[PDB]
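The chain below stands alone and is given in structure tokens; this is the form deposited in one PDB entry.
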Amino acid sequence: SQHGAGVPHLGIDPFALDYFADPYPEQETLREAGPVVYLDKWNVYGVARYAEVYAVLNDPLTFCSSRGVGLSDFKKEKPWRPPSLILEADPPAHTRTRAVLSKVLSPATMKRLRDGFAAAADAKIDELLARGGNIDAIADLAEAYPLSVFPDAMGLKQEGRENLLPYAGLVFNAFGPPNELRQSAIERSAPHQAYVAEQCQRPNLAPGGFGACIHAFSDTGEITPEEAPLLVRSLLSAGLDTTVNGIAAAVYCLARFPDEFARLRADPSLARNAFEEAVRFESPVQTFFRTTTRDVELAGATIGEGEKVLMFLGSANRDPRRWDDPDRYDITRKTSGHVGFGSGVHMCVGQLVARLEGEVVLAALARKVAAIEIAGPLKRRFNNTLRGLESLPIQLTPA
């Protein structure tokens, strides 16, 4: 390896705590430096503009996922857990396991489940207003709401559910480099991993839920009985804390930007796009990696075989080369093509679940709430892959 000959090198640590606290100046530096940069801190290439993020995402055989989508290269180091059969696979293996999850989380499934999700969101906003409206948008809403619907939709038992958010925090930290956040999460992981490992098994998943639906594909031969609990493991990894942070992004956006909330109230049919624009704007899933499978030319750079490439999805989603006024939260923006859910063959399989949760929460706010205001100090949460808040006191004014 030439280790980044011919491209600009930068010392920016995109996994440093001061960076997660305020990433936007360094994301701009990463974009301005060039289309391809080399990050000295971790000896990986980086792409922070929309054009190259999009190109890498849409070339999955060249920029592969089967050597891990975190920093660690699975060819060189044993993975911290056995690889995801969907996220950390390439076609054709990826095609067959993705197709199972695309059927489980299908658009018709979302329509059959819609009233359950919407009634829970209505009831939650009612509860928050009956409390007086002075509530923590994180604990009381962004966290509480997905906890009230997703474990039941999975068919998980009641007991042990406190393990779910720590498990997700661990998975998202573990894509990161071997820093304190990662080391510490892995050290405390055993009980969370054990809980998950157990709940993925068929006898532990209630009939009618997503878990049992996956396991049914083993009965028809479409997957094996040892694949089935791993595909359940994917949904327990990615299905809860992503939506918590996307809901948090949406509430935080609407709270800061009252004119946009008033627009949402005027036309509640903007709920879906308001949620999608929050996903662009905050990019709750900030980064993933790929690994080159061959020597490649990317935007003028040479990249050797077997190099990690860090994609900055959150910077791509704010890149002024692609987005008009990228730092504005605009709930009528044409958001199509943002990379907050990825792009191409691995584009979020659960996006219909995430959008259903976000829509129903925003629709309940649009109908029941006259105004939203930040009410007290916020506290940001640091995670190697996720962006979002630990606390956000708000005031909801009832309609």
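Think of the rigid core as the biggest set of C-alphas that the two forms share within 1.5 Å after superposition. Heads up: residue numbers just count along the shown sequence, starting at 1.
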{"query": "261-269 set against 293-301, stretch whose average Cα temperature factor tops the other in the entry", "finding": "261-269"}
{"query": "Stretch exceeding the other in mean C-alpha B-factor - 308-316, 192-200", "finding": "192-200"}
{"query": "Selection by C-alpha B-factor (highest) of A250, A93, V232, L240", "finding": "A93"}
{"query": "Candidate residues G211, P151, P166, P107, the one whose C-alpha B factor the record puts highest", "finding": "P107"}
{"query": "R367 by Cα B-factor - lowest, middle or highest third of the modelled chain", "finding": "highest"}
{"query": "Third of the chain's Cα B-factor distribution that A185 belongs to, per the entry", "finding": "highest"}
{"query": "Entry-reported Cα temperature factor of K334, expressed as the chain third it lands in", "finding": "highest"}
{"query": "Entry-reported Cα temperature factor of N58, expressed as the chain third it lands in", "finding": "middle"}
{"query": "Chain-relative CA temperature factor third for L389", "finding": "lowest"}
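One more form of this protein, deposited in another entry, exists but is not displayed; see below.
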item	value
Core-superposed comparison between the shown form and the other one: the option from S189, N273, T292, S218 whose CA moves 2 angstroms or more	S189
After fitting the core, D325 CA displacement of 2 Å or more between the shown form and the other one	no
Exceeds or equals 2 Å, Cα of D259 between the shown form and the other one, core fit	no
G160: Cα shift of 2 Å or greater between the shown form and the other one (core-aligned)	yes
